[PDB]
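Here is how the chains run, residue by residue.
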Amino acid sequence: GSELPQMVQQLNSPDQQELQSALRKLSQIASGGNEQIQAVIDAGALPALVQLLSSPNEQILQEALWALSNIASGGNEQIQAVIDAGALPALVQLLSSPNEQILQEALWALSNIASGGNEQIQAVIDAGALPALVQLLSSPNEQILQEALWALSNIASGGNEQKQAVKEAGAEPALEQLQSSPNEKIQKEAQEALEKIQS
Ligand SMILES: [Ca+2]
Ligand SMILES: [Ca+2]
Ligand SMILES: [Ca+2]
């Protein structure tokens, strides 16, 4: 509580140990439900967190992604605050990262954002995420494939405009190809996503 302003102030500290300590403490608060998430937002954390998505330090990048994922695990208005802070262009670019850990974490944050209402889903679409998400359905990495399926399934839970955008990005044949997957969990998830898109 009382320590939140000092934590936020230190999210751009010139001392890297001080920055990382505040960032680690910040994600813990943002895990305590929507009221705590809102306290983090209202303390001004979002601009500093979005700036950290450009850090060359992959450790800081990962911790910033966790913090944003946790904020985006809240209500639709809390997701919208993440969107309004400009997180989506950086997240979409990180879908092309060669670091599988960073990629998984960027996908996680994007999927949480796409778990909001139709306005939050449409912002993900408008940020250009669909082509990369569809391409990731070809990934040999089970964890990445699982998260790309999750992201697309979340988007396909939106309105007809959102489902049609998923169709136009070529998701259908990629999900049909997964029906022959040896992995039953993936096959069933892909089939459910197909049904959502075609509904
Ligand atoms: Ca500061
Ligand atoms: Ca959610
Ligand atoms: Ca829905």
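The structure this text deals with has already been given above.
### Some points on the overall build of the protein
For the protein, the count of helices and strands is 14 helices and 0 strands. For the protein, the α and β elements follow one another from N to C terminus as α-α-α-α-α-α-α-α-α-α-α-α-α-α. With the C-alpha coordinates aligned to their principal axes, the bounding extent of the protein is approximately 50 × 30 × 25 Å. In the protein, which comprises 199 residues, the share counted as buried stands at 53%. Counted over contacts in the protein with a minimum sequence separation of 6, partners at least 24 positions apart contribute 68%. Here the protein has roughly 9300 Å² of accessible surface; of this, 45% comes from carbon and sulfur atoms.

### Side note on the coordination of the calcium ion (ligand 1)
Coordination of the calcium ion (ligand 1) by the protein is provided by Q9 (O) and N12 (OD1), with metal-donor distances spanning 2.3 to 2.4 Å. On the accessibility criterion, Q9 (54% relative accessible area) is exposed. Residue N12 is classed as exposed on the basis of its relative accessible area of 55%.

### Topic: the nonpolar core
Nonpolar side chains in soluble globular proteins generally cluster together in the buried interior. If you look at the biggest cluster of nonpolar residues, it comprises 75 residues, and the most contacted ones within it are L49 and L91. No other element matches the 8 residues that helix 8 (residues 100–114) contributes to this core. Leaving out residues up to four positions away in the same chain, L91 has contacts with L53, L65, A106, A109, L110 and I113.

### A look at helix 8
Taking 1.5 Å as the rise per residue, helix 8 with 15 residues should run 21 Å; its terminal C-alpha atoms sit 21 Å apart, in good agreement. Of all 15 residues making up helix 8, 12 are buried, and the element is well covered by its neighbours. If you check which residues of helix 8 are buried, you get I102, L103, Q104, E105, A106, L107, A109, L110, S111, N112, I113 and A114. Where helix 8 starts, the residue carrying a side-chain oxygen 2.9 Å from the main-chain nitrogen of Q101 turns out to be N99.

### With respect to the pattern of salt bridges
Enumeration over the complete set of coordinates arrives at 1 salt bridge. A salt bridge links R24 to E63, with the shortest nitrogen-to-oxygen separation between them at 3.3 Å. Of this pair, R24 sits in helix 2 (residues 16–29) while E63 sits in helix 5 (residues 58–71), and the two are 39 residues apart along the sequence. Its relative accessible area of 44% is what places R24 among the partly exposed residues.

Conventions we followed
Each chain carries its own residue count, beginning from 1 and running in the order its sequence is written; this scheme need not agree with the entry numbering, and residues with no coordinates do not appear. Chain letters and ligand numbers both follow the written order, the letters beginning at A and the numbers at 1. Note that the side-chain values use all heavy atoms of the structure and ignore hydrogens as well as water. Here a strand is any run of E in DSSP of at least two residues, a helix any run of H or I of at least four, and the numbering for each starts at the N terminus. Burial classification: accessible surface area is computed with a 1.4 Å probe over protein chains only, and a residue below 20% of its type maximum counts as buried, one above 50% as exposed, and the rest as partly exposed. The contact criterion used throughout is that any non-hydrogen atoms of two residues lie within 4.5 Å. Residue exposure ignores everything except the shown protein chains as possible cover, and the areas themselves are Shrake-Rupley values with a 1.4 Å probe. Coordinating donors are taken as N, O and S atoms within 2.8 Å of the metal, stretched to 3.2 Å for Na, K and Ca; because water is absent from the atoms, sites can appear incomplete. Nonpolar cores were defined as sets of buried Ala, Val, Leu, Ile, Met, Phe, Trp, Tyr and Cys residues, with membership established by side-chain atoms within 4.5 Å. Expected span, for any helix, means 1.5 Å times one less than how many residues it has. Polar contacts, as used here, are pairs of N or O atoms within 3.5 Å; protein pairs need one atom able to donate a hydrogen and one able to accept it. Residues neighboring in sequence count only if both atoms are side-chain atoms. When a carboxyl oxygen of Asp or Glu is within 4 Å of a side-chain nitrogen of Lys or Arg, the pair counts as a salt bridge.

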